[PDB]
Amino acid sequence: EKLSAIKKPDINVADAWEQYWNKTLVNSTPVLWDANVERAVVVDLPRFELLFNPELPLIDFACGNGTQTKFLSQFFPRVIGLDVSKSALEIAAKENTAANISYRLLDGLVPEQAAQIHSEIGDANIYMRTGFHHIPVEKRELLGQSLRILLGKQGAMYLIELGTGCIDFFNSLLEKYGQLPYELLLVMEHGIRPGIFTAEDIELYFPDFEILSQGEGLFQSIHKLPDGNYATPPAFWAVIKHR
């Protein structure tokens, strides 16, 4: 049935995502957001590469299976891929390893883990591709805390999320074709739902941050529509740094 903007299934976020990734690992099923780098991080990198100090470590926050992480590691001297899911990192460590990548478990909803990481590496820059929009609204402040801790004063963060129009976009597919995309259903099977992240959310969760640059555009999925084009929901992106 139809996706809701407000109402959502109540989940344990860590558990739901590990269930999804373990199912993905075991069964080798498609991953909705796992677009080839040329349509993903290659599009992102020009938006932040001239703004990040490359002497800081780079964190791929919520790195999933590491597809984007591998590319980042070809451009930055030191990359750390963080994810809540051990199965995600098991795929990453097999398919997307490099001498200058470390994959490490971390739960963004437990800010003490971010504190531990920052105590080891200092201020880090952050790349985050769709790490926020699916987080239940009532848990978002915890993730903001984690991010604030990792960035400190000198770090900058580029994030790209599903933006305003996300739910309408998916519901129009449902209306036009009678079901949601297979690859989206694969995630929703676990109680996970896509959501919306906006400029107003940057102010809400990061009032102590400056927006260096922002925009909208499209987010690239691997779901092919009947005309042969890929489904591309609306995106919101920003580069932010502590004021």
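Sequential numbering from 1, following the sequence displayed.
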Exercise. Can you tell me which stretch has the higher mean Cα B-factor, 20-28 or 5-13?
Worked result: 5-13
For this session: Could you say whether, by C-alpha temperature factor, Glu210 belongs to the lowest, middle or highest third of its chain?
Result: middle
Problem set entry | Third of the chain, ranked by Cα B-factor, where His190 sits | lowest
For this session: Would you please rank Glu95 by its C-alpha temperature factor against the other modelled residues of its chain and give the third it falls in: lowest, middle or highest?
Result: highest
Problem set entry | Third of the chain, ranked by Cα B-factor, where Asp123 sits | lowest
Problem set entry | Position of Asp34 among the chain's modelled residues by C-alpha B-factor, lowest, middle or highest third | middle
